[PDB]
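Engineer: A structural model of the following input is requested.
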Amino acid sequence: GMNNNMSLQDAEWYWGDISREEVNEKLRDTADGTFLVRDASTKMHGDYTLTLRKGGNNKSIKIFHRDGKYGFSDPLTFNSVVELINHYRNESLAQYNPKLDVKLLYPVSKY
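Structural biologist: Numbering: from 1, shown residues only. Find the structure here:
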């Protein structure tokens, strides 16, 4: 019984662990809505870093992973950027953090 439930590993927007330099290439044109997920914010509840464009600049708005999962609006159970992004871009980014309301509506990927 091969139960092949592939929710999220490599979305056409998602990265995981990168720098500013490939955030320079993806956050080039933009001023709003541009997710990717870099490193450089790893300590308390959150390893990788949902860097979002705000008025021309790459602002690191890091995920609530806790140990390694996904769930910001959820009690640490969502487990997929693809559904932790469907629910968030079609609603509000004041459900994640109420200091911004954009809603991840312009992410990039190289070409």
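Engineer: Quick check: residue 75 vs residue 20, distance?
Structural biologist: For residue 75, the distance to residue 20 (Cβ to Cβ, to the nearest Å) stands at 32 Å. C-betas here are computed from N, CA, C, even on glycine.
Engineer: ignore the last one, residue 94
Structural biologist: 26 Å.
Engineer: Could you do residue 61 as well?
Structural biologist: 15 Å.
Engineer: So residue 75 and residue 20 - more neighbours on which side?
Structural biologist: residue 20 (12 against 6; other Cβ atoms under 10 Å).
Engineer: hang on, the more buried one packs against residue 58?
Structural biologist: Yes: Residue 20 is within contact range of residue 58, at 6.8 Å (criterion: Cβ atoms under 8 Å).
Engineer: mind listing what residue 91 touches?
Structural biologist: residue 103 (Cβ atoms under 8 Å, 6 or more residues apart in numbering).
Engineer: how near is it to residue 7?
Structural biologist: For residue 91, the distance to residue 7 (Cβ to Cβ) stands at 19 Å.
Engineer: could you pull out the helices for this structure?
Structural biologist: 21-26, 83-89 (DSSP state H).
Engineer: winner for burial among those helices?
Structural biologist: A comparison of the helices of the chain by mean neighbour count, using mean count of other Cβ atoms under 10 Å, puts helix 83-89 on top with a mean of 17.
Engineer: buried set for stretch 10-23?
Structural biologist: 11, 13, 14, 15, 18, 23 (16 or more other Cβ atoms under 10 Å).
Engineer: and which of these is nearest residue 30?
Structural biologist: For the buried residues of stretch 10-23, the closest approach to residue 30 (Cβ to Cβ) belongs to residue 23, at 10.5 Å.
Engineer: dump the residue contacts of the nearest residue to that closest one once chain neighbours are set aside.
Structural biologist: Take residue 23 and drop its neighbours on the chain: the residue closest to it by Cβ to Cβ, 6 or more residues apart in numbering is residue 58, 5.1 Å away. Residues near residue 58 by Cβ under 8 Å, 6+ apart: 20, 23, 24, 27, 51, 52.
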